[PDB]
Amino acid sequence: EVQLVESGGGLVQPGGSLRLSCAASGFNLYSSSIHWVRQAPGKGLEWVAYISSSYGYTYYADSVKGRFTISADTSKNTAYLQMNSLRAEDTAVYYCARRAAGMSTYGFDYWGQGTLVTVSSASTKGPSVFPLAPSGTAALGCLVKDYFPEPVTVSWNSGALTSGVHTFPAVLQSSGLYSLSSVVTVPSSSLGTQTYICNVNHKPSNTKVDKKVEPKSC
């Protein structure tokens, strides 16, 4: 399937640097312009830079100009955004998006999945995962406590359990650390037969935790 595959974001200290990659698959980068759009957590879309399909005409937002540099590797069908001297204002989900060459009045047809850039002096911390134990439908879940930075993603039974699952938005706590809960409602008759394991991925800390959640006693 034709797509744009984004990587390279994550946690960086103020003044630090990050290089975002945007690999094109199934369309040609030379016949595309590549646009970088960022969205601060919970806010709107901001266009920050682009390189036209001639690869030479670039535009950068004033606050980003000099610090950010778009480049493209024709051989790898990949565009890059080098982001230097990063500051808290830059914290956001960064998207690369493309537009067909010459279609100057059009919008952006293919978009990368987004990468969170977090500019912070705070240290990475992987999550503690605790069971929300079940005690004819039963709710069970896991509490993912005290991690940094975002994101954490949760699946159940390695993606085999998706019906009835609710994974809540992370909450930033007074400690500076994030917490989130993932819950699933299952048939109570399955509690003694079906194993329920929540799979918590915290890629920012190189951690994956699987927690089996079972009835306790009270």
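In this text, residue numbers run from 1 along the sequence as written.
- In the deposited sequence, the stretch from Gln113 to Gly114 has no residues without coordinates, so the chain runs on without a break.
- Just going by the entry, 45-53 versus 188-196 on mean CA temperature factor gives the higher value to 188-196.
- The stretch with the higher mean CA B factor, choosing between 31-39 and 175-183, is 175-183.
- Looking at the C-alpha B-factors along this chain, the one for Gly126 belongs to the middle third.
- Sorting the modelled residues of the chain by their CA temperature factor places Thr118 in the lowest third.
- Among all modelled residues in this chain, the alpha-carbon of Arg99 has a temperature factor (C-alpha) in the lowest third.
- When the modelled residues of the chain are ordered by C-alpha B-factor, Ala133 sits in the middle third.
- Residue-level temperature factors show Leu20 in the middle third of its chain, judged at the C-alpha atom.
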